[PDB]
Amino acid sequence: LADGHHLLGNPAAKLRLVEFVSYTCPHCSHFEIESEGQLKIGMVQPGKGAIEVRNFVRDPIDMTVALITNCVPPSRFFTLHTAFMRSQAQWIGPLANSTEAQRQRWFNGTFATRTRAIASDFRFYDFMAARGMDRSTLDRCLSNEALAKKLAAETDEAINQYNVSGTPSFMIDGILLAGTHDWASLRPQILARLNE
């Protein structure tokens, strides 16, 4: 699959759930905690369906996290993606707490300068060091502007083709699910399809 797309489970499974999610969205964090287990044991493990996670990148903080999760091998993506989502409350504090002068650096200057400022402010060096990724490996990841452009293009595809606006959003078998932005609304639609 293309950059910013990641597939969990069997590509030939009949039910394909696409998730448009963002690392800076509180609804996506809550959704991951609520849904990850049940989707795995109920659907993915028995080979009844597969999950395509798309990084819907909303802001440069999101972009910085998505550079990290997309720079690791496919077999590490899902653990890392889940970790950022599950531990969102632990790392996202500077979004609320930072001052004007700090915020200025996230939204101005070149891609490299702002990505480095964000990674510093959000303490991603320490977060990723605690997960085996050293500073040199993280530096290379954060400077991958080519990848940032591809993730931006993937995000633009979601916005343009599917009118994706709020997060998380979902499609099942090509249909974007109206009014469906949490596990409580999603699950009955998944079970209806599985149990047809």
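All residue numbers refer to positions in the sequence shown, first residue = 1.
Undergrad: Can you tell me which stretch has the higher mean Cα B-factor, 69-77 or 91-99?
TA: So the stretch with the higher mean C-alpha B-factor is 69-77.
Undergrad: Please work out which of 131-139 and 163-171 has the higher mean CA B-factor as recorded in the PDB entry.
TA: According to the PDB entry, the answer is 131-139.
Undergrad: Among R58, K149, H27, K40, single out the one with the highest C-alpha B factor in the record, please.
TA: The C-alpha B-factor peaks, among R58, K149, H27, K40, at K40.
Undergrad: Looking at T113, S120, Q104, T82, which has the highest CA B-factor as recorded?
TA: The record points to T113.
Undergrad: Once the chain's modelled residues are ordered by C-alpha B factor and cut into thirds, is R187 in the lowest, middle or highest one?
TA: CA B-factor rank for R187: lowest third.
Undergrad: Going by what the PDB entry lists, where does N10 fall on CA B-factor within its chain: lowest, middle or highest third?
TA: Highest third.
Undergrad: Could you look up the Cα B-factor of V44 in the entry and say which third of the chain it sits in: lowest, middle or highest?
TA: Its C-alpha B-factor belongs to the highest third of this chain's values.
Undergrad: Which third of the chain holds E32 when residues are ordered by C-alpha B factor: lowest, middle or highest?
TA: Its C-alpha B-factor belongs to the middle third of this chain's values.
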